[PDB]
């Protein structure tokens, strides 16, 4: 058996995805950079057996298509699976799209043709995505012309998805109805793609609602409409493909492969025949609203999660250090700080960035250097822990402020309670619950909160 960390060193965290963290890693010999998805066996249950997982992995490694993330290597130890793939630096598609000021059916067809091309290839090889959504569409690089790379093709079959809301934000919009009821095949990926297309041309989800369950209720009925004013600007051809992708009964839904031949794809992907190319201004602005909303809700939930973790870890670390403190003087040396922090990781295991003893030593060293000025031998375990725990908080609180600022597009400094409803509905915090909380933060408020007030609301919503 091969050991992951004998071959790769963790450089930095790329983000948090379905089933676990993705870490930028580097081969310790060749220097090749890779994006490693680390799946915690304790947080993510397997659906299949080891036989079946290894076969899929072995197949996946052999597949090559320009629109599918390349898998290079697969590792397993006691506590995790490590999926090693190519790293892409262009970010999520929609985050790129909202940075444009011009966006047309030609742009959308370029995009969707890639997606369908990737899907078609994977379906030929009898791999289904099932959880296809905009997060799973990355851009190869930061270029304008960058190819799309679909991530996470095949994992859904072998791993059971988190039931935590922080992990399933914006899943409901894209799931095919047959997935909800249990009998599904590869046509579910066409539906998901159709939802994404609808969004690209209108900037609104076709199936929408105030909370996760209302969205699902709409999905399951399967009814949607084109009566939004911004569809008047959209080709009939595009709407036709949409209807075919959003066909309820899977045996009647267009295949990925056939979707590629559809008139709309054939017409709007000719690099030069731009016969009518208006820019879909309303759509792009709806998408920017949509995206900012999703990202703020996500950030709020991870903020609350981080605050709950730091309660847990602070107490556990203190108890570990306390017991290591044989003097009772409240001081410890470096090796002991490292040992307890490893003992913490021994227990916690939510920290894929600490892939070996070498990662731990350096985090501890970041903190001991950060202890401002240094006396060597006898260190006040109390303050360490304060600062060691106070990293992650602000790191996930920075993102909160960033996301608040990004959502507040008119730079008003505040969020209206209408907007709060939308954000909390998306985050699935019950309506009565968040208003009670508001009322306690600012007893005088007039239907809007600034960043600090919003933050105070979140703290109350995670039991502080």
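Note that the rigid core is defined as the largest set of C-alphas that superpose within 1.5 Å between two forms. Positions refer to the first chain, counted from 1.
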Exercise. When the core is superposed, where do the C-alphas shift more in 9 other deposited structures of this protein: in 302-310 or in 177-185?
Worked result: 302-310
For this session: Rigid core fitted first, then name the stretch among 292-300 and 103-111 whose C-alphas deviate most from the displayed form in 9 other deposited structures of this protein.
Result: 292-300
Problem set entry | Other entries lacking residue 71, at least a third | no
Exercise. Hey, does residue 271 drop out of the model in a third or more of the other PDB entries compared here?
Worked result: yes
Exercise. Looking only at CA atoms, which has the higher mean B factor in the entry: 341-349 or 71-79?
Worked result: 341-349
Problem set entry | Entry-level comparison of average CA B-factors, 294-302 and 145-153, reporting the higher stretch | 145-153
Seminar exercise, completed: For 334, 223, 253, 110, the deposited C-alpha B-factor is largest at 334
Exercise. Of the options 211, 99, 183, 289, which has the highest CA B factor as deposited?
Worked result: 99
Exercise. For residue 135, does the deposited CA B-factor place it in the lowest, middle or highest third of the chain?
Worked result: lowest
Exercise. Split the chain's modelled residues into thirds by Cα B-factor; is residue 188 in the lowest, middle or highest one?
Worked result: lowest
Exercise. So where's residue 203 on the chain's Cα temperature factor ranking, which third?
Worked result: middle
For this session: Just say lowest, middle or highest third for the CA B-factor of residue 452 relative to the other modelled residues in its chain.
Result: lowest
Exercise. Taking the entry's C-alpha B-factors for this chain, is residue 219 in the lowest, middle or highest third?
Worked result: lowest
